[PDB]
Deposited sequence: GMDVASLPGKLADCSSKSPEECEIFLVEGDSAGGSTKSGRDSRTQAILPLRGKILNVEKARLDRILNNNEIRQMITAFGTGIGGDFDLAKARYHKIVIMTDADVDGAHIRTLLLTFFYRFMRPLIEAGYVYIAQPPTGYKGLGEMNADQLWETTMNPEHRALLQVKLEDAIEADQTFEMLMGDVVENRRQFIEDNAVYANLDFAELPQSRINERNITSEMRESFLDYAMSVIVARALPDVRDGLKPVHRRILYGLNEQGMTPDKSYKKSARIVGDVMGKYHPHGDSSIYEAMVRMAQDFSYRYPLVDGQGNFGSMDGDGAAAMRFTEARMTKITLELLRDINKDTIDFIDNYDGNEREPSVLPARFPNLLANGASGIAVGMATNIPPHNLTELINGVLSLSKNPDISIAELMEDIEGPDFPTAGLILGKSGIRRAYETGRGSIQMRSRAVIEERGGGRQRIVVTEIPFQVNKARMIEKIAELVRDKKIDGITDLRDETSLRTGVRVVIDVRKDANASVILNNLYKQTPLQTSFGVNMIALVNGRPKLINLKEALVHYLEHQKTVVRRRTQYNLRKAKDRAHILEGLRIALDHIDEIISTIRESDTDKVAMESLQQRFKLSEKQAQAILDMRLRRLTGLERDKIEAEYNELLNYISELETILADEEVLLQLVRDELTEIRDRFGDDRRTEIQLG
């Protein structure tokens, strides 16, 4: 893949490292083929600080870099055997390019340190605003990044070797705590020309950029709507295109393309997979996407290519987006500044706990189980009537997690500790039974598997335990699952063998029993925070108060404006002859504006609304419609002002709407909790 240069004089040669062929194209097209070589990599490279040496020396990209440099590694390193005197790191100008840069620097530092000490490692500075170099034209990339007469390179300098070792081991090592602490200490949450660059400063700044971006803008959900940026951008994308349940499905290809061009500047696989997960009833306790086609199965089967499937909203997603266009939530600019996206959805039901979450960030992660919507809402209502409610009282309503795959939970200890601190292991067990099958023989029937368990992989594991004789008593192992019966895994037992013992062994040796490690970390005020049940419900309730409040304010301003216009039009109808006369005798529409305003004490917008009136509106029924709309509008205004007068009426309104959602979408519990 290396696109070497013509010259073979390392003193004037230089190799550029890019993320892939999408960038290698523009780079190869704009380069100077006499003294500039190009090595396209394949995305994220291996982290040598965590992987073992055998895996490093067998990695394709690593070996290709060693070959390209021809200097060796470790003790066999020879600076004189360098085929280039400048190794230019030129990743994409994004957070992932920063991560890649930190990985590359780690490799060079752990296996080619003299290359850094000699000042052979440089950093290219492509302009910002591009998702990658593949989006830039060749001439632009040449003039702004590669042309020696205009480029601005940073030469990597190694000052303190001890602080460098500590930095690389801290940020890239396998000890998470040091990294989390670094983030906590340095994270700044938002509410020709060859400069030298200290490798420590570059590692800390780049890795901090990637880490922050992953924490606040990728892996972790927001406590208010319980959504990550990709899911939020997906659903909003389905909203701006009117992909409502009443209207037909929409082509998944169009959805992913629109979302990717407008809001989510990342690969299609991430978006489409996210939507697929949101459409699967075995993954989402309350699915947010209605899918047409093959959206996978419990056996790990992925979804069909997006070019075959379609999707629209679910009825409850409408409740996630309800009132989003009434100044309830703050919009923000997108990545390219050509669109507006919601920073959060109204989330008229507690989504975070309803569907749960699970994300692997940097220096931390999150794992929240789903719950029953009825129980959640009942808990919110109890909290609204008692700010001092305790966790146990909440648990009178919220018995515990409620997984879409049903199943069993052993004991409330793990639940209790998880709701009281935000961390706790919960023992999930399949629903299995023992029954006869004729001739004094027995079998074990599994009808419900644990949450996030691959059924086919489980059955495969059992087949292994049977083959290796690591479990005795099993004679046959079938999977009679079907749509007309549901999950049904049959495990024949050998005659005269105790099936309960075999079952306990299966619980001990297979995913038939799995633990869920609750670790409820979520974004609060745009900051990662470990929260308990009460805090989550509280932040959600506050979000609801703010939502309904801002909605009432919006509807009030709108209603008042419409009331003013309707007043202008009612005046016009009371003096239609005077109006017509005023207009006809005016040469221009501006003169008509001024004359109407001055003669009828009308505002600019009222005279404008009169000038825009169609003659058909002078028919009787149209006048009646205007009057009626005005009176009803006065009543509506009075009701709104009533809501904004007393906070108890507002809060009770939140209670009423939450109760409506509960009565409409609430369902029975699926997962049984045994004492």
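- In sequence order, the deposited residues that have no C-alpha coordinates form the ranges 1-9, 201-208, 693.
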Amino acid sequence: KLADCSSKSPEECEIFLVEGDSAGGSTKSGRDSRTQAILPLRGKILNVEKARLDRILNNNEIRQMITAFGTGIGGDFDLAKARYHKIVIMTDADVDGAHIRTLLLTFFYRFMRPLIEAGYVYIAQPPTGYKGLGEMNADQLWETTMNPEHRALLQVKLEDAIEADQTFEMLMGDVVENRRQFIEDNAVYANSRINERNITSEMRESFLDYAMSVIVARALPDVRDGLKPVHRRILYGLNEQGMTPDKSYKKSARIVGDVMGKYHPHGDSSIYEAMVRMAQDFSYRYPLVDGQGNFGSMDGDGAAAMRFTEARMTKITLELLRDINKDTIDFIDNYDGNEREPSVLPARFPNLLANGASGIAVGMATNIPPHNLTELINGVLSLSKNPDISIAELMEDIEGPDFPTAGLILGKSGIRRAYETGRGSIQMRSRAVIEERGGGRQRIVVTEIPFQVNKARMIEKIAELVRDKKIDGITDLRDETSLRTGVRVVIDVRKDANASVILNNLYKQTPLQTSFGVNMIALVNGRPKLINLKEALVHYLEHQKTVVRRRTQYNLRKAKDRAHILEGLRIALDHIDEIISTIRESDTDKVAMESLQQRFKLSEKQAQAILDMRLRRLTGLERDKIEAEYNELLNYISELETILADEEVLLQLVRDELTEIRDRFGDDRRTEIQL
From here on, numbers count along this sequence of modelled residues.
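- Relative to its counterpart among 139-147 and 271-279, 139-147 has the higher mean temperature factor, C-alpha atoms as listed in the PDB entry.
- Stretches compared: 345-353, 150-158. Higher mean C-alpha B-factor in the entry: 150-158.
- Within the selection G363, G75, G526, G517, the deposited Cα B-factor values reach their highest point at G75.
- Looking only at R254, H99, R322, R307, the residue with the top Cα B factor in the deposited structure is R254.
- Among the modelled residues of the chain, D327 sits in the lowest third by CA temperature factor in this PDB entry.
- The entry lists a Cα temperature factor for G20 that places it in the lowest third of the chain's modelled residues.
- Ranked by C-alpha B-factor against the other modelled residues of its chain, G261 falls in the middle third.
- For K131, the recorded CA B-factor ranks within the highest third of the chain. Only modelled residues enter the ranking.
- Ranked by Cα temperature factor within the chain, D333 sits in the middle third according to the deposited record.
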